[PDB]
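Below you'll find only one chain, the form deposited in one PDB entry, shown as structure tokens.
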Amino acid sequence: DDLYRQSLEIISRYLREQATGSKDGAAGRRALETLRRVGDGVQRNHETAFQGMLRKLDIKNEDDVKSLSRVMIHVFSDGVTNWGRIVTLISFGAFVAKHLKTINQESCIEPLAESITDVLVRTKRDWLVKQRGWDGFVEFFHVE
């Protein structure tokens, strides 16, 4: 399952960079560079809402992800799928990861990343395949 594995790496790496403030083929690298630019921008422009969403979420710890998975499924339950919703969910994942690290500097981002990746890949498998996976993400968010 190359798609699952590729998606978890991109999403995990972003969340870890965001939470820790450190950055460590070329297709995955383009995806991560796109996600940094777009994801950082979502967070910057939606600071107030993300703060409100975080408050409501009331996440207890690094493993407390079932509520977020329910949120993500509910997001798509109107039958619309698009990259803006997808990157927004990942950006909020990053925003949550930063908060977890604040309360406990030893928290791991993996349960969150895995939770988000599971929703996207499992529930939107064929949509992602038709988009040519992360190549579609890169293309959609391509700016000159």
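Just count from 1 along the sequence shown to find any residue number. So that the term is clear: the rigid core is the largest set of C-alpha atoms that superpose within 1.5 Å between two forms.
Asker: Should residue 126 be counted as unmodelled in at least a third of the other PDB entries compared?
Answerer: Other entries vs residue 126: none skip it.
Asker: Would you say residue 24 is missing from a third or more of the other compared entries?
Answerer: Residue 24: unmodelled in at least a third of the other compared entries.
Asker: According to the entry, are there none, 1 to 3, 4 to 9, or 10 or more residues of the deposited sequence without coordinates between residue 24 and residue 25?
Answerer: Missing residues, residue 24 to residue 25: 4 to 9.
Asker: Which has the higher mean CA temperature factor in the PDB entry, 75-83 or 102-110?
Answerer: So the stretch with the higher mean C-alpha B-factor is 102-110.
Asker: So 64-72 or 32-40, which one's hotter by mean CA B-factor in the entry?
Answerer: The recorded data point to 64-72.
Asker: Per the coordinate record, which of the options 94, 49, 116, 57 holds the highest CA temperature factor?
Answerer: By C-alpha B-factor in the record, 57 ranks first.
Asker: If you rank the chain by CA B-factor, which third does residue 143 end up in: lowest, middle or highest?
Answerer: Ranked within chain, residue 143 CA B lands in the highest tercile.
The same protein also has a form deposited in another entry, omitted here; what follows describes it.
Asker: Against the rigid core, a Cα displacement of 2 Å or more between this form and the one not shown applies to just one of 32, 89, 108, 42. Which?
Answerer: So the only displaced C-alpha belongs to 108.
Asker: After fitting the rigid core, is the C-alpha of residue 65 off by 2 Å or more between this form and the one not shown?
Answerer: It does shift by 2 Å or more.
Asker: Report the direction of the Cα distance change between residue 105 and residue 111 in the other entry, compared with the displayed form, as closer or farther; the change is 3 Å or more.
Answerer: Between the C-alphas of residue 111 and residue 105, the gap narrows in the other entry (3 Å or more compared with this form).
Asker: Compare the CA separation of residue 63 and residue 9 in the other entry with the one in the displayed structure, and answer closer or farther (the difference is at least 3 Å).
Answerer: Between the C-alphas of residue 9 and residue 63, the gap widens in the other entry (3 Å or more compared with this form).
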